[PDB]
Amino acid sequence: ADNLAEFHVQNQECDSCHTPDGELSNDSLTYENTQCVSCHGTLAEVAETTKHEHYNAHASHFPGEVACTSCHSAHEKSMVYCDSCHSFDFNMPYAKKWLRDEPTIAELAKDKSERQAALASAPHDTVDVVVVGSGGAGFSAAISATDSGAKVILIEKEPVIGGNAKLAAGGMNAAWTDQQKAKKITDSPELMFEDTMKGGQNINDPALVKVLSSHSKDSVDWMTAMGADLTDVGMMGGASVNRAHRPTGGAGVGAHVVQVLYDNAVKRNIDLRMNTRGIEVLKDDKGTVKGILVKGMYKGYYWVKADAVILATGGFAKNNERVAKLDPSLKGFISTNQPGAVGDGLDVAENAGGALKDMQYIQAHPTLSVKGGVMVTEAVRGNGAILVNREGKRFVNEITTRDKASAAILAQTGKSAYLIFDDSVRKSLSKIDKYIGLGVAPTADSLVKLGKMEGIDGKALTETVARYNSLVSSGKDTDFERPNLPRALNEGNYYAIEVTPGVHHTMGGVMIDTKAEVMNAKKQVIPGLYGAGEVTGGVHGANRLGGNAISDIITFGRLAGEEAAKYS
């Protein structure tokens, strides 16, 4: 057979997958996927049959309930979503090579016929608030608006939930939490504010940073109340004290937070629509929001009538063409991002009259795995790892800000460096076991052996770690002035991860005020239009602190949902 449906219909009728009339149920293909599961079992049951030692197409780190049609189309060959970041050895029936080529909002102007017919029709739904994007900000907004009495529709253009938020590793910043106090950490919102402003080169809007710092504990409390574990508190670059909250043992914050938010949305019966892209904010004759035109992948164009639209669409760091026009120094770099993070939400915001700000400030994460492409968390450094160059020497304060760390690594021989750590660091941060599983953390029982394996001078490496451990014992890094020296690298085996910078986060975006209301270039509010999360500008300035994005998206998402509900 040339496709999956052709395979099946050899022994099955059309209505084995389809409704009685043949019509597709909805853009989430809810009915159709229910039929796949009726025969094959749930994703977990299918996973039992597709185990490899270190990976499984049907058992990944993605949170939520991943629809079968995310990867298996019926009447055409289809792509394995995992191939957008990894190259695992897969043999999916009817596969084709991964290629993302999504039309821009501008290109969709060519559907003039189709869009006019939709806008001339009745609204498919009439609700209070539409939230665009199923990352942390969007789920938080949908939940908070729902708890404030609003009827919400939440849309996601991708086949899977969670955006980049589901990938978050190192943690969620907050002060001064019960969780911090339980670990004998002393902090304050004021200190978080000061670190954030300094870290951003004082470009940040201080009113927005005040919301970030002052709301941070409440946001940790809100997540915890919904069932999250934010009890482990680690150090990140550019922080005065440990304030990056994450699950017990140092697991990834993102997949966890997104799973909690998903479960909470499901509990509240929030109307979540996948494969549904927000295209155009609709305004009335006085310039207030009246709804949104969307494009369903399977069902086509339609509009939703609503008082408020919350754009929670994330950043543009995957779009290297757009990135390179704003910061040419990042041209041709790899990205940490999900394949959809291309800035179409900003285009929607600008078309609706929203102004952008701080667009030129784009963060490279200093440590992507050369071997695997993926982000290696800053928490590896925060929990004690060092960086060495090919000459086997330290060359930078490993917990400085990301601008400086990225520059330092790019200045080294080969434009890459190596994270070096031991089993004490490994045992302190369970996320590290994920890199070992990915195959990007080669190991040996001596640094001479590890050095030989990886092309690092083994004698120099050995002496470097001995020297570093001596600085840890004496309490002061006189070589690079690293201010936090949590562990000696002296237990068990040693590990190396080759790392280099990659495009990660876009600090600029739509201009909002402290109530998450979108403003035009004259700083006039667009009534009914809100923005929250990485789609916004002004929170992070010229350089975002590690841990501050998850803080942002929960705080501003929740605020936007409450404000939108009140407005409606």
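We number the residues from 1 along the sequence you see.
Colleague: Quick one: higher average CA temperature factor, 336-344 or 385-393?
Modeller: Stretch with the higher mean C-alpha B-factor: 385-393.
Colleague: When the C-alpha temperature factors are averaged for each of 202-210 and 271-279, which stretch ends up with the higher value in the entry?
Modeller: The stretch with the larger mean CA B-factor is 202-210.
Colleague: Go through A141, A444, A324, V132 one by one and give the residue whose Cα B-factor in the PDB entry is largest.
Modeller: In this record, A444 carries the highest C-alpha B-factor of the candidates.
Colleague: Whose C-alpha has the highest temperature factor in the PDB entry: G170, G455, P247, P366?
Modeller: Checking the PDB record, the top C-alpha B-factor among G170, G455, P247, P366 is at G455.
Colleague: Could you say whether, by C-alpha temperature factor, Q10 belongs to the lowest, middle or highest third of its chain?
Modeller: Answer is highest: the recorded C-alpha B-factor places it there.
Colleague: Could you look up the Cα B-factor of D232 in the entry and say which third of the chain it sits in: lowest, middle or highest?
Modeller: CA B-factor rank for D232: middle third.
Colleague: Taking the C-alpha B-factors as the PDB entry records them, is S551 in the lowest, middle or highest third of its chain?
Modeller: It belongs to the lowest third of the chain when residues are ordered by C-alpha B-factor.
Colleague: Going by the CA temperature factor in the PDB record, which third of the chain does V440 belong to: lowest, middle or highest?
Modeller: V440: CA B-factor falls in the middle third of its chain.
Colleague: Going by what the PDB entry lists, where does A44 fall on CA B-factor within its chain: lowest, middle or highest third?
Modeller: It belongs to the highest third of the chain when residues are ordered by C-alpha B-factor.
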